[PDB]
Amino acid sequence: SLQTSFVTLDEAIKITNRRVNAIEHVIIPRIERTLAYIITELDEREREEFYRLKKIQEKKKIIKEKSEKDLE
Amino acid sequence: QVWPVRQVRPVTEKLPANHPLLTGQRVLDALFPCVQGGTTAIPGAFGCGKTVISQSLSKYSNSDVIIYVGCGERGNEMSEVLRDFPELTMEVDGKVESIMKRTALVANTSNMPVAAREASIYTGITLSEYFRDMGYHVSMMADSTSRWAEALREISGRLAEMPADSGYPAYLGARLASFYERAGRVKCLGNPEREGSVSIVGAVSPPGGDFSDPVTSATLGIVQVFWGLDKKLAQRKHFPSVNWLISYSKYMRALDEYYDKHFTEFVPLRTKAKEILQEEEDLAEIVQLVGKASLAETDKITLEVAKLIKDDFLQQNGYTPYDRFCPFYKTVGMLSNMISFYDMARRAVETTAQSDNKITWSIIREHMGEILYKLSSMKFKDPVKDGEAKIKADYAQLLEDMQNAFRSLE
Amino acid sequence: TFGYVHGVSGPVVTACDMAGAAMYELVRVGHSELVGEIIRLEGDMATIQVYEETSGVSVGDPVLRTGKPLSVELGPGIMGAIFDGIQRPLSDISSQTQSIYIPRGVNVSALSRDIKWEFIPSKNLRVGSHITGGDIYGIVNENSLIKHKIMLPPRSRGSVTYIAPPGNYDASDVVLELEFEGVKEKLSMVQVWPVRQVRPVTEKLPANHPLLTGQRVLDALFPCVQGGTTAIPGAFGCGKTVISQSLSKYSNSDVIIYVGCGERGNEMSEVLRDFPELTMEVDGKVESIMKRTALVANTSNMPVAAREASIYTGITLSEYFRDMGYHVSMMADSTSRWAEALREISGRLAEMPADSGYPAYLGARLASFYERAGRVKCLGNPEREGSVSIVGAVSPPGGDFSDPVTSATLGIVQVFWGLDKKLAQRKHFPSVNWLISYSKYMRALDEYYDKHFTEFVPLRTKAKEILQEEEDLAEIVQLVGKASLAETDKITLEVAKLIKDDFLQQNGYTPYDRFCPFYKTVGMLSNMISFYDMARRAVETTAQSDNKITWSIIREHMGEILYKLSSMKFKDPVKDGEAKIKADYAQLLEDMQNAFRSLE
Amino acid sequence: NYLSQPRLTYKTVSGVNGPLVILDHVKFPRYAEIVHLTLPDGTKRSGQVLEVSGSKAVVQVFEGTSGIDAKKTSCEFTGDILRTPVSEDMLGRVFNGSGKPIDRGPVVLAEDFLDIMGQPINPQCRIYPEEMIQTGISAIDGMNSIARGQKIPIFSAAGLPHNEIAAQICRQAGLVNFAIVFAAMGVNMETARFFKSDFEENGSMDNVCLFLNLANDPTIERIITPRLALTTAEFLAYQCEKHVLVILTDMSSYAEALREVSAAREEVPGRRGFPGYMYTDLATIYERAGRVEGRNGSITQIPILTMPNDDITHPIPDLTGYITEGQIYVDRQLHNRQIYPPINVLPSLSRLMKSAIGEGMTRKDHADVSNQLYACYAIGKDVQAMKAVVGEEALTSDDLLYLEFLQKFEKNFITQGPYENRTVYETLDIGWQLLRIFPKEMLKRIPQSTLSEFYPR
Amino acid sequence: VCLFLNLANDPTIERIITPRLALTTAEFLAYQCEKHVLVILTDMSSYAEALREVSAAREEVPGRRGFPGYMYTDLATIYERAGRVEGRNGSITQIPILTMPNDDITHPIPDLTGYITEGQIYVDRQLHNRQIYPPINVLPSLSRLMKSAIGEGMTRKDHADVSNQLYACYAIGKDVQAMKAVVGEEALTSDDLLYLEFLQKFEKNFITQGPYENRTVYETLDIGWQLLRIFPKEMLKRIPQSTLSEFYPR
Amino acid sequence: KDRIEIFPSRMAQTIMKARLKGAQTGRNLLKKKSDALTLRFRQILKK
Ligand SMILES: Nc1ncnc2c1ncn2[C@@H]1O[C@H](COP(=O)(O)OP(=O)(O)O)[C@@H](O)[C@H]1O
């Protein structure tokens, strides 16, 4: 009965440790790299939007300068 | 004659594309085939083979003429083309002749002025539409359509236009569309009838190696063939690095009417090859968290044949003479043997797992280890040294040898 | 002389009649004289980013251009001063105003005039003598510790036309006059230098001599050279105060500069409370460290430009003391707070973001700051070496070192002292993680150790190897239990435990460990590694024998040596001289030799 | 002939913003001409006209705009683009990032005033780089062989010994006339002293030139620094027909100078805020490599770059990886285990290698041996990743052989002393001493003829 | 039928008008000529790219991903030209075809469309890569009018119940398939193995058609029950016990 | 392969953080299961 328990525990430990290691070396690393990619591309959307809005504000400043010249 | 490059050269009609563009490469010709008149992209990270494929179509294809557009590509690309193409030869009418006699180069190497990239693309397609009107089946390589899109980005930036994504202009989709739509098979203009074509092959080079890139995204919505190159295969020097999960061709329904004539055995084999590879991925996602001991013996056979297909079919060395080119008769014969092993090995297990006399993958490997080695050896057969009858006879002998070995396990 | 305010929008003030202005010149804006830096010119108009709050600035207010960019008043009166990051004297603002606040638009001069200092002119000089930038034209005896070498500004040169006699002077009395190209310069003791301009030197020397901190892990395993660049992870649990206070109470440095880059208000005031009360021994006296430091302290709500200028002020002070031939050290209590201030400047200038929102130039601003560290031949004639050592702390969010300011800092600094909250939770002071930490300076300091400590190169190597082996062996201990290891591995783990418990830990709250000199440090390690080599020798020498040696035999027959090894940290340099400590350590070497000889 | 017309000097600085000084009333502004600025205190500075419009000229100032004054600044327009005073006598010398000397020698007496931008080498006249260089390093000369005139960068994480590898290439590089041009952008003096000292110590000085831009030198000079180096290399390699090796140190700091300029000019950003044109600008540096028709000389390049946050997908290594022929990679996953030089072959590749190997260059086995070393090393990493989940009990006897291969490969094939030189032939002998670990039939990348001639030897 | 053809080489700006011409023809045919028009719009992404091209040229303020801020109202003036009207027998059905960029269901083009249109029919890469034609993923698909278009006098009366139970079974099937991928097949219960077996049989028999298969609504629900009967009677939670008693024992 | 390829959005950022908490929890619980089974297994071996 110690031996039948022993062999069954030895299998159940290996199955459990394969799940723990699959989480530790596959599932968590896919998630952490996915999240690092997401945080990077979210900053890319933020800089794209910043650049567009900066050019819009510049174009509005140019329109104001043209209007001030047209008022001469 | 002088033609405005931005204006499409007219045609009597744009015919459906219905004949394969046979290339240098097994995976292309077999599993993701281009058609004469088809629009194709090769999106890939740096150092994947996008130019080796571009060169290999240009060196080895059934195209009558090639226009090779070095748009934004490295300088030594043009030197490698000018080194190889005068020395490399096709044969016509029993005469050996240099393939440079059928190629034109439109260089615009990465350091040459950024604006000339746009003019280079439109020059190469205008040359390609000119030989298309002669009835020649033209093929046009574009060595990076994203290095073109970057020139549109730069001029658009200097003009201070509003960008769409990553700084690219909003018209980038239409600029790419009105380039790839210049492909086709056509009833040419004018009196004598011709059936010329332009086939376009855009070696898209996505920034960071990421196919979410706007040039890749816009290109994928426009082409009908996608040979996505995976950097992880190229790192392993698994070449050509075409990822068989992501890649596709929309021309298969149009090409089935050609295969049913010239290669009636092939369409089942193409289907089984894709299925075996798909099953290997759907198995691998399990194995990676539990170990190979979890699998059924049919699934060990599926994994092992998917390794044969990966390492000996899909892989092809474009420099070594045995794999420098691979005609379709070699390609089908190799694949027929690898799938003949699969169907027999799978039948052997399924026939005997019902009984105490059960066959297993290890039983097959120990009785047939020489057959596995011979199956992998099939790539070394050389069409320069070995006649068609010799390669066909050797491949028929492997079919018979496998059949008699599996009959000896049952 | 002055322009006029033309427009205002938050911190940005546009001014007119600014035709004579210069880019990055510093301006007093409004009747309140708010500080502001010119960020743009557009003809007879300038755009000034006002540092202080502009609320109440009016169109047509005066705009007085100072002829200078942001600059530090260098001179006597620096030592023991506390400044904000734009070089305003916080102790004088309090004492002159009798207010708890910093008033908007303080005009107070940064080195206080009307104080008289004893000046001695350099006795060799005469009228008609030749003099060059960085020449010492006198000394000011401001403190017993620090004699301030008064010197010619780096760009100045000529023939002396006058020198002041020995006597008492304030910083604005003319001390020297000299002529060049028919033009006279009248020199004060105060010297004004642009804060973002490196102070020039005769040669940027290779750094070769150790900055002893008096800390075993630091001075032995991860030495920082004098003139070295280094970082510390400045976070809550890490115990960053231990290195800061140890450097203050013992370091081989002549002057210390601190920069608060925008610390939390209470944390800043904790530092400003503590340092007046810290002391060190000098010529057998005990004296307050404020005699040899200056504090560039900013809270998070100081003007953005004071936080961004904070490091540039601290390094410009440090380069000034370096040019006196003092071996300066300096700390920044978080360069991340400086990078947040730089991010905010960039956001107000409306510049493109780079990584994580920081400006494009963050990497070059950090690298050009750390490059101002070093050892040097100073300017001028008295052939004096000096140095600045820079200890810039980093604050990676959640401990993620990939964060751009942290990652760029770790890309530049040659030493990282990885303080770790896990060690502090174990009370393993000084809490330096020896796996994360590194130093690139070993290749230089190997010359000093070969001259003075010729046994140390083996010892340092063996110590790091033992610790790295124990980290691998601990996985085997988890897999199969400690009892299942080989005897060589067991004795390695036991010595690694001795190193971790009684070498790498140091009880800086107590007299025997308040500081730990290098002679003590090398001596302790020499014994621990001699014990390792002889113990492992006895094990391996008796491999395959009948009477096999093991750690348990050693602990049973000679456990007095382990007890003595752990006891060696308690020796005190203030009670017993280094020769007596070395002699006691030599007796433990003889005792363990006789003990090992008694077994094999 | 010489430009005889006298230079105009303008006080008409109508604005200053970031690094830009906007002159006005200018007579026929020449795009990209160089202006010499004199500040109020008489400090000389230099700058390039980056845009022109009517009377206006937008001068970017190299030494920065701090202290520029809209009334007292004087701008001398030289009437011509930026030129390098090149000569043979630049070998044995050291210059700062703007081409002024810093070795306390005189200014260069010019044999020619080459345009710093060069010109595009005509692709018909570009000779294909077929000849091999031995670098002396097995991780290169074996699996990543470099051709004479082939541009191939070292990519590294931060803090790795990539400078020591590039110094080792300068120390040991020779064919299977010679000179070096070294450039550095934003190098710390602790590293600048290392390269200058290594060349002086090896006695190489009579055949090397150094351009140094130190970490505290004005960031805009980084843009011209590798161009000065390449302009000197074009003189030496095409006018004097030397084999030149060009070393460009931290192209990362070059790319950071591009990011700074674009952020200040508000040019369109690509990935990570770098200029949308960054590939073209890097191509203007990297394509100035290779042999040319009727010249004996050649420009090899080994750029060097710290990959930010180790990210292979970052725009700097990515755009460099799309231009340069092949990349040599060095890795913390080797360096932390003390494996010097830390060259990770698996991500590495030399595009021009396929031509630089086999008969007349190297042993006939080399092309096959390289590909099988990649297969075994890669399968070793793959079975290592499996072992970290399932343990060595699930691995087959062959999977344990791929792990033993990985250990023997990193210990014998990669690891090599800083003064140890290995021939390509010795490297291939070591290649077979590792490939022989597997049974002959396992070597699925190698032809049966190559196995029959070399596997049992 | 009436075909308007703007091809991918034709000028981009015509595509701003193309769907509006089609809908104006559909309005004439349906509301003035009583026709039961069906409108197909072949690629609302190549439409939305034309609005982005003009808006960028007008220097307009971007909405998210550079599309015009008015993209919602503009697409509404396309998609709202649908439905029956008072007094008329005629009608306009619309089926806008729409190419999701990067396969992103939240991209502005499918996003603003999903807000305006009466659900979406979603065609999935992961079904197409497995040869399942048509690749319609029933899970992210929705029709907002399904609940009222079906029942006694309009279809068989079981229709709503069969479709609701099939949806829950396929959805649970996808979740137990995700369990098999993340934690292995051995983590599944006997009931989870039934939902996985249901998913395999369901994609094979329900979704798959071939391009000329034309199953009636009756044959569709018959195949529905021939799949639902795989589960034990108590597991069909979404179906009332009266409907089970008439159609489960079949 | 390296990533799950959910498309970058604030939604997907939150979903990935939720998956990370789920996975780290799953690791810690299954590691506790392994520790308890390992302790019983070592007890059984001694017995
Ligand atoms: N089919 C192939 N056979 C052999 N080597 C190949 C093959 N495809 C690619 N390679 C190797 O990969 C390298 C990089 O491929 P290449 O197309 O030149 O790069 P890129 O994709 O950047 O254009 C080639 O130089 C060659 O060494």
# chains A, B, ... in the order shown; residues from 1 in each chain; ligands from 1
>>> residues_near_ligand(ligand="ligand 1", cutoff="6 Å", atoms="only C-alpha atoms and all ligand atoms", output="JSON, numbers by chain")
{"B": [46, 47, 48, 49, 50, 51, 52, 239, 240, 316, 317, 318, 319], "D": [322, 351, 354]}
>>> write_last_selection(atoms="N, CA, C and O atoms", output="mmCIF file, in the first residue's frame")
data_model
loop_
_atom_site.group_PDB
_atom_site.id
_atom_site.type_symbol
_atom_site.label_atom_id
_atom_site.label_comp_id
_atom_site.auth_asym_id
_atom_site.auth_seq_id
_atom_site.Cartn_x
_atom_site.Cartn_y
_atom_site.Cartn_z
ATOM 1 N N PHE B 46 13.661 40.902 -41.953
ATOM 2 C CA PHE B 46 14.999 40.900 -42.595
ATOM 3 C C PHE B 46 15.590 39.496 -42.616
ATOM 4 O O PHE B 46 15.316 38.714 -41.698
ATOM 5 N N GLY B 47 16.413 39.200 -43.615
ATOM 6 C CA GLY B 47 17.106 37.899 -43.602
ATOM 7 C C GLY B 47 16.163 36.715 -43.545
ATOM 8 O O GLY B 47 16.415 35.823 -42.718
ATOM 9 N N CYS B 48 15.128 36.690 -44.390
ATOM 10 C CA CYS B 48 14.265 35.509 -44.420
ATOM 11 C C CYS B 48 14.318 34.726 -45.722
ATOM 12 O O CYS B 48 13.965 33.546 -45.723
ATOM 13 N N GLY B 49 14.715 35.343 -46.823
ATOM 14 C CA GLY B 49 14.664 34.728 -48.138
ATOM 15 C C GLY B 49 13.801 35.499 -49.122
ATOM 16 O O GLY B 49 13.488 34.961 -50.184
ATOM 17 N N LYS B 50 13.315 36.703 -48.793
ATOM 18 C CA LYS B 50 12.350 37.375 -49.670
ATOM 19 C C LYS B 50 13.015 37.668 -51.009
ATOM 20 O O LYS B 50 12.406 37.496 -52.060
ATOM 21 N N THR B 51 14.308 37.998 -50.978
ATOM 22 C CA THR B 51 15.047 38.193 -52.254
ATOM 23 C C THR B 51 15.516 36.852 -52.820
ATOM 24 O O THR B 51 15.508 36.726 -54.048
ATOM 25 N N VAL B 52 15.914 35.892 -51.984
ATOM 26 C CA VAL B 52 16.215 34.577 -52.561
ATOM 27 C C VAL B 52 15.029 34.019 -53.336
ATOM 28 O O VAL B 52 15.225 33.477 -54.417
ATOM 29 N N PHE B 239 14.928 27.027 -44.875
ATOM 30 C CA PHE B 239 14.624 27.809 -46.060
ATOM 31 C C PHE B 239 14.023 26.943 -47.155
ATOM 32 O O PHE B 239 14.452 25.801 -47.281
ATOM 33 N N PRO B 240 13.106 27.458 -47.985
ATOM 34 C CA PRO B 240 12.477 28.767 -47.879
ATOM 35 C C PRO B 240 11.649 28.887 -46.599
ATOM 36 O O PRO B 240 10.977 27.948 -46.196
ATOM 37 N N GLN B 316 14.145 23.563 -48.825
ATOM 38 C CA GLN B 316 14.806 23.464 -50.119
ATOM 39 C C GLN B 316 16.002 24.417 -50.207
ATOM 40 O O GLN B 316 15.821 25.633 -50.183
ATOM 41 N N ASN B 317 17.218 23.884 -50.356
ATOM 42 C CA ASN B 317 18.423 24.710 -50.464
ATOM 43 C C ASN B 317 18.620 25.290 -51.879
ATOM 44 O O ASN B 317 19.070 24.607 -52.796
ATOM 45 N N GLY B 318 18.355 26.582 -52.047
ATOM 46 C CA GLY B 318 18.403 27.273 -53.332
ATOM 47 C C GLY B 318 19.790 27.493 -53.944
ATOM 48 O O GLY B 318 19.871 28.004 -55.059
ATOM 49 N N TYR B 319 20.873 27.121 -53.259
ATOM 50 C CA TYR B 319 22.238 27.244 -53.778
ATOM 51 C C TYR B 319 22.817 25.913 -54.245
ATOM 52 O O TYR B 319 23.384 25.839 -55.337
ATOM 53 N N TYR D 322 17.805 45.284 -42.334
ATOM 54 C CA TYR D 322 17.150 45.196 -43.659
ATOM 55 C C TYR D 322 18.117 45.749 -44.696
ATOM 56 O O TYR D 322 17.936 45.496 -45.892
ATOM 57 N N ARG D 351 24.854 37.230 -45.227
ATOM 58 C CA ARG D 351 24.205 37.081 -46.551
ATOM 59 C C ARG D 351 25.257 36.762 -47.610
ATOM 60 O O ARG D 351 24.959 35.948 -48.489
ATOM 61 N N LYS D 354 27.441 32.696 -48.575
ATOM 62 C CA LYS D 354 27.213 31.617 -49.583
ATOM 63 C C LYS D 354 28.259 31.681 -50.694
ATOM 64 O O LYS D 354 28.593 30.618 -51.239
#
>>> select_by_dssp(residues="segment 64-183 of chain E", states="strand (DSSP E or B)", output="ChimeraX atom specification")
/E:68,83-84,91-96,119-120,123,136,142-143
>>> interface_residues(of="chain A", to="chain D", cutoff="9 Å", atoms="only C-alpha atoms", output="PDB file with N, CA and C atoms, in the first residue's frame")
ATOM      1  N   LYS A  14       4.523  14.563 -11.291  1.00  0.00           N
ATOM      2  CA  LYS A  14       5.012  14.868 -12.646  1.00  0.00           C
ATOM      3  C   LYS A  14       3.961  15.586 -13.479  1.00  0.00           C
ATOM      4  N   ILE A  15       2.719  15.110 -13.496  1.00  0.00           N
ATOM      5  CA  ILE A  15       1.611  15.793 -14.187  1.00  0.00           C
ATOM      6  C   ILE A  15       1.433  17.219 -13.657  1.00  0.00           C
ATOM      7  N   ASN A  17       3.651  19.182 -11.971  1.00  0.00           N
ATOM      8  CA  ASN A  17       4.816  19.989 -12.311  1.00  0.00           C
ATOM      9  C   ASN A  17       4.894  20.320 -13.800  1.00  0.00           C
ATOM     10  N   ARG A  18       4.443  19.452 -14.707  1.00  0.00           N
ATOM     11  CA  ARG A  18       4.334  19.819 -16.125  1.00  0.00           C
ATOM     12  C   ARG A  18       3.333  20.952 -16.300  1.00  0.00           C
ATOM     13  N   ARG A  19       2.163  20.925 -15.650  1.00  0.00           N
ATOM     14  CA  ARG A  19       1.226  22.066 -15.686  1.00  0.00           C
ATOM     15  C   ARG A  19       1.842  23.335 -15.093  1.00  0.00           C
ATOM     16  N   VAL A  20       2.468  23.271 -13.920  1.00  0.00           N
ATOM     17  CA  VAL A  20       3.167  24.424 -13.321  1.00  0.00           C
ATOM     18  C   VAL A  20       4.239  24.974 -14.259  1.00  0.00           C
ATOM     19  N   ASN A  21       5.095  24.135 -14.840  1.00  0.00           N
ATOM     20  CA  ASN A  21       6.125  24.592 -15.763  1.00  0.00           C
ATOM     21  C   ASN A  21       5.546  25.110 -17.077  1.00  0.00           C
ATOM     22  N   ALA A  22       4.486  24.511 -17.607  1.00  0.00           N
ATOM     23  CA  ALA A  22       3.810  25.033 -18.782  1.00  0.00           C
ATOM     24  C   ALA A  22       3.259  26.430 -18.505  1.00  0.00           C
ATOM     25  N   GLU A  24       4.534  28.494 -16.170  1.00  0.00           N
ATOM     26  CA  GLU A  24       5.708  29.320 -15.887  1.00  0.00           C
ATOM     27  C   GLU A  24       6.563  29.648 -17.116  1.00  0.00           C
ATOM     28  N   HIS A  25       6.620  28.764 -18.112  1.00  0.00           N
ATOM     29  CA  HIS A  25       7.513  28.874 -19.277  1.00  0.00           C
ATOM     30  C   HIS A  25       6.799  28.994 -20.623  1.00  0.00           C
ATOM     31  N   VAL A  26       5.484  28.791 -20.679  1.00  0.00           N
ATOM     32  CA  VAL A  26       4.686  28.994 -21.894  1.00  0.00           C
ATOM     33  C   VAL A  26       3.611  30.030 -21.647  1.00  0.00           C
ATOM     34  N   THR A  40       3.562  48.651 -26.028  1.00  0.00           N
ATOM     35  CA  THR A  40       4.340  49.289 -27.093  1.00  0.00           C
ATOM     36  C   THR A  40       3.448  49.836 -28.196  1.00  0.00           C
ATOM     37  N   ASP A  43       1.479  52.896 -27.121  1.00  0.00           N
ATOM     38  CA  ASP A  43       2.321  54.075 -27.266  1.00  0.00           C
ATOM     39  C   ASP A  43       2.500  54.492 -28.728  1.00  0.00           C
ATOM     40  N   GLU A  44       2.535  53.558 -29.681  1.00  0.00           N
ATOM     41  CA  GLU A  44       2.553  53.928 -31.094  1.00  0.00           C
ATOM     42  C   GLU A  44       1.273  54.648 -31.503  1.00  0.00           C
ATOM     43  N   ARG A  47       1.632  58.249 -29.988  1.00  0.00           N
ATOM     44  CA  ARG A  47       2.515  59.148 -30.753  1.00  0.00           C
ATOM     45  C   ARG A  47       1.959  59.499 -32.119  1.00  0.00           C
ATOM     46  N   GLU A  48       1.272  58.590 -32.790  1.00  0.00           N
ATOM     47  CA  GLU A  48       0.615  58.909 -34.057  1.00  0.00           C
ATOM     48  C   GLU A  48      -0.445  59.982 -33.842  1.00  0.00           C
ATOM     49  N   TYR A  51       1.246  63.328 -33.071  1.00  0.00           N
ATOM     50  CA  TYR A  51       1.788  63.968 -34.264  1.00  0.00           C
ATOM     51  C   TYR A  51       0.683  64.591 -35.110  1.00  0.00           C
ATOM     52  N   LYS A  54      -0.574  67.695 -33.251  1.00  0.00           N
ATOM     53  CA  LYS A  54       0.442  68.742 -33.329  1.00  0.00           C
ATOM     54  C   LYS A  54       0.428  69.421 -34.694  1.00  0.00           C
ATOM     55  N   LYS A  55       0.343  68.665 -35.791  1.00  0.00           N
ATOM     56  CA  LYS A  55       0.233  69.245 -37.141  1.00  0.00           C
ATOM     57  C   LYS A  55      -1.053  70.021 -37.339  1.00  0.00           C
TER      58      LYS A  55
END
>>> atom_distance(atom1="atom CA of residue 5 of chain D", atom2="atom CA of residue 79 of chain D")
8.8 Å
>>> closest_atom_pairs(of="chain F", to="chain C", cutoff="12 Å", atoms="only C-alpha atoms", output="Markdown table")
| residue | atom | partner | partner_atom | distance |
| --- | --- | --- | --- | --- |
| F:35 | CA | C:478 | CA | 10.9 |
| F:38 | CA | C:479 | CA | 10.0 |
| F:39 | CA | C:479 | CA | 11.8 |
| F:42 | CA | C:480 | CA | 9.8 |
>>> write_last_selection(atoms="C-alpha atoms", output="PDB file, in the first residue's frame")
ATOM      1  CA  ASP F  35       4.392  20.857  -2.688  1.00  0.00           C
ATOM      2  CA  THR F  38       5.965  16.189  -2.787  1.00  0.00           C
ATOM      3  CA  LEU F  39       5.753  16.253   1.040  1.00  0.00           C
ATOM      4  CA  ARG F  42       8.877  12.113   0.740  1.00  0.00           C
TER       5      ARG F  42
END
>>> interface_residues(of="chain B", to="chain F", cutoff="12 Å", atoms="only C-alpha atoms", output="PDB file with N, CA and C atoms, in the first residue's frame")
ATOM      1  N   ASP B 210       6.639  42.494 -38.247  1.00  0.00           N
ATOM      2  CA  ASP B 210       5.269  42.359 -37.745  1.00  0.00           C
ATOM      3  C   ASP B 210       4.225  42.575 -38.853  1.00  0.00           C
ATOM      4  N   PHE B 211       3.460  41.541 -39.208  1.00  0.00           N
ATOM      5  CA  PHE B 211       2.459  41.607 -40.280  1.00  0.00           C
ATOM      6  C   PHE B 211       1.233  42.482 -39.988  1.00  0.00           C
ATOM      7  N   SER B 212       1.090  43.045 -38.787  1.00  0.00           N
ATOM      8  CA  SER B 212       0.075  44.072 -38.521  1.00  0.00           C
ATOM      9  C   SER B 212       0.403  45.415 -39.191  1.00  0.00           C
ATOM     10  N   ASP B 230       8.580  33.484 -42.042  1.00  0.00           N
ATOM     11  CA  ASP B 230       8.725  33.566 -40.589  1.00  0.00           C
ATOM     12  C   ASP B 230      10.198  33.642 -40.213  1.00  0.00           C
ATOM     13  N   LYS B 231      10.580  34.705 -39.503  1.00  0.00           N
ATOM     14  CA  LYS B 231      11.949  34.870 -39.024  1.00  0.00           C
ATOM     15  C   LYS B 231      12.408  33.681 -38.191  1.00  0.00           C
ATOM     16  N   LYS B 232      11.545  33.017 -37.419  1.00  0.00           N
ATOM     17  CA  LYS B 232      11.938  31.843 -36.618  1.00  0.00           C
ATOM     18  C   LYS B 232      12.392  30.654 -37.465  1.00  0.00           C
ATOM     19  N   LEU B 233      11.838  30.469 -38.658  1.00  0.00           N
ATOM     20  CA  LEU B 233      12.326  29.474 -39.611  1.00  0.00           C
ATOM     21  C   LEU B 233      13.677  29.907 -40.188  1.00  0.00           C
ATOM     22  N   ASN B 243       6.002  30.312 -43.948  1.00  0.00           N
ATOM     23  CA  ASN B 243       5.140  29.787 -42.914  1.00  0.00           C
ATOM     24  C   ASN B 243       3.868  29.225 -43.552  1.00  0.00           C
ATOM     25  N   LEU B 245       1.251  27.863 -42.083  1.00  0.00           N
ATOM     26  CA  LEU B 245       0.009  28.147 -41.365  1.00  0.00           C
ATOM     27  C   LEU B 245      -0.631  29.428 -41.894  1.00  0.00           C
ATOM     28  N   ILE B 246       0.133  30.518 -41.953  1.00  0.00           N
ATOM     29  CA  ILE B 246      -0.385  31.840 -42.313  1.00  0.00           C
ATOM     30  C   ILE B 246      -0.527  32.041 -43.823  1.00  0.00           C
ATOM     31  N   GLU B 281       0.566  21.151 -35.917  1.00  0.00           N
ATOM     32  CA  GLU B 281       0.437  22.327 -35.062  1.00  0.00           C
ATOM     33  C   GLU B 281      -0.590  22.100 -33.943  1.00  0.00           C
ATOM     34  N   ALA B 284       1.148  19.850 -31.512  1.00  0.00           N
ATOM     35  CA  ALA B 284       2.283  20.474 -30.837  1.00  0.00           C
ATOM     36  C   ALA B 284       1.851  21.326 -29.639  1.00  0.00           C
ATOM     37  N   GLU B 285       0.734  22.048 -29.760  1.00  0.00           N
ATOM     38  CA  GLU B 285       0.181  22.844 -28.659  1.00  0.00           C
ATOM     39  C   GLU B 285      -0.171  21.989 -27.428  1.00  0.00           C
ATOM     40  N   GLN B 288       3.722  20.349 -26.018  1.00  0.00           N
ATOM     41  CA  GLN B 288       4.545  21.353 -25.343  1.00  0.00           C
ATOM     42  C   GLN B 288       4.256  21.503 -23.835  1.00  0.00           C
TER      43      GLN B 288
END
>>> interface_residues(of="chain A", to="chain F", cutoff="10 Å", atoms="only C-alpha atoms", output="ChimeraX atom specification")
/A:1-3,5-10,12-24,26-42,45
>>> closest_residue(among="A:11, A:52, A:4, A:67", to="chain C", atoms="only C-alpha atoms")
A:52
>>> residues_around(residues="residue 159 of chain E", least_positions_apart="2", cutoff="10 Å", atoms="only C-alpha atoms", output="list in words")
residues 146, 147, 150, 151, 152, 154, 155, 156, 157, 161, 162, 163, 164, 217, 218, 220, 221 and 224 of chain E
>>> residues_around(residues="residue 293 of chain C", least_positions_apart="5", cutoff="8 Å", atoms="only C-alpha atoms", output="PyMOL selection string")
chain C and resi 79-81+255-258
